[PDB]
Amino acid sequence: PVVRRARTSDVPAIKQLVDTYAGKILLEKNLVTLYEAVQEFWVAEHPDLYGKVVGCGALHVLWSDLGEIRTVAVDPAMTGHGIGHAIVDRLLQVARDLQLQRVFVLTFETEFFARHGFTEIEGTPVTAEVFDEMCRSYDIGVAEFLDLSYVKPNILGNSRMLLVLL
């Protein structure tokens, strides 16, 4: 499937994908914060219909060398057609374009991301000096990566996976 960069017109559709997977699975993102993050988002168009989008995804930078894959959602009726994998394949390519070395994921979909080289891990792989700089973030997804105390109850059960690049 075609994986293209998101457009402000795509936000209402993107919002519906995130809301579909609610807050237990995906981290909720309100309408404004999606319009602000539109420049790092990607969407998969339906293989036949030109306009409609069936999947979204975003690469979030966390530091000099570290990136994250977040807010990956596919229409419940379109899963198992390779869409989600087509999104990750491109998201990882832009991670390369960004000269990143490690890509993080916090998810229940261990099997899904495993097919891209992701291995499950424990802890936060950053220096305490770097850890201290990231505590200063206003972004919740960063806090879930740092396993900060005030987001812990929202992410128990999720697995921490990581990918290294050539």
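In case it trips you up, residue 1 is the first one in the sequence shown, and so on.
Inset, instruction - Using only the Cα atoms and their B-factors as the entry lists them, report which of 48-56 and 31-39 averages higher. - result: The deposited B-factors put 48-56 ahead on the C-alpha mean.
Legend entry - residue 163 - Cα temperature factor, lowest/middle/highest third of chain: For residue 163, the deposited C-alpha B-factor lands in the middle third.
Legend entry - Third of the chain, ranked by Cα B-factor, where residue 117 sits: Answer is highest: the recorded C-alpha B-factor places it there.
Inset, instruction - Sorting the chain's modelled residues by C-alpha B-factor, tell me whether residue 155 ends up in the lowest, middle or highest third. - result: Its C-alpha B-factor, which the entry lists for residue 155, ranks in the middle third among residues of this chain.
Legend entry - Where the record places residue 106 (Cα B-factor, split into thirds across the chain): Lowest third of the chain for residue 106's C-alpha B-factor.
Legend entry - Entry-reported Cα temperature factor of residue 22, expressed as the chain third it lands in: Its C-alpha B-factor, which the entry lists for residue 22, ranks in the highest third among residues of this chain.
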